[PDB]
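Take a look at this one chain, the form deposited in one PDB entry, written out in structure tokens.
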């Protein structure tokens, strides 16, 4: 295929970062990858096992290459020469966004972030970048089907990027409802038409962003954490909706409710939601203090 390739001798593994059921991730040095950077760090996902998995690897590499954008996960290329098959990603300091949110919550500094909880303007900065990525995917008419903070990485300078990780099914297994045997539905992020009728569209993606907007202002709490999976399915289908968090100002909770309209056709577009959040994010301290 028309993906970029990387020679094994340029890659040098340092240590393991994480281990899913279908993939290990390592930190590694990569030589001669970029022009200005002779020696840079990278994340290296190694494929596990099977003849069926070799095809899924192929599909990922193609999708990732053609769907590159400032706020989508950065992908350099593969290493086909000799097993195991490697995928080279850009290394992201702070890990996934859920972990980052939990570590800087109201439960009581650093290089990238001030001490204590994240500020209103900092929270809105994260919401805007995640929103910016969904405008790009909506534009090309690709549906994510599993948008959450656990599938968002954070880097140096608090740069946030959207992805889709198989490690999330192991680390955050509680966030999925198992069905059939090998299927896993993230019911707490899904709209009514997805749960009942099993239809996923761009409108079903906006609902999930509303739930992602709720995650951020709760500093990474699970939606409907008090309810079990079956209790949560009853709750969403019967039209009951999440509360406004303590950190969330009224103006921002209006944007969540905007995403949560029952009939899909009456929900707001992702472009208009981004417009509000980016405008709100870049607003001056005088405006945001009275917000």
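Residue numbers count along the first chain shown, from 1. By rigid core we mean the largest C-alpha set that fits within 1.5 Å across both forms.
Here the subject shifts to the form deposited in another entry, a form of this protein not shown in this document.
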**Item:** C-alpha displacement of 2 Å or more between the shown form and the other one on the rigid core, among 206, 167, 153, 87
**Value:** 167
**Asked** Comparing between the shown form and the other one on the rigid core: C-alpha of residue 139 shifted by 2 Å or more?
**Response** no
**Asked** in the other form, do the Cα atoms of residue 61 and residue 182 sit closer or farther apart than here, given a shift of 3 Å or more?
**Response** farther
**Message:** Relative to what's shown here, the Cα pair residue 180 and residue 238 differs by 3 Å or more in the other form. Does it come closer or drift farther?
**Reply:** closer
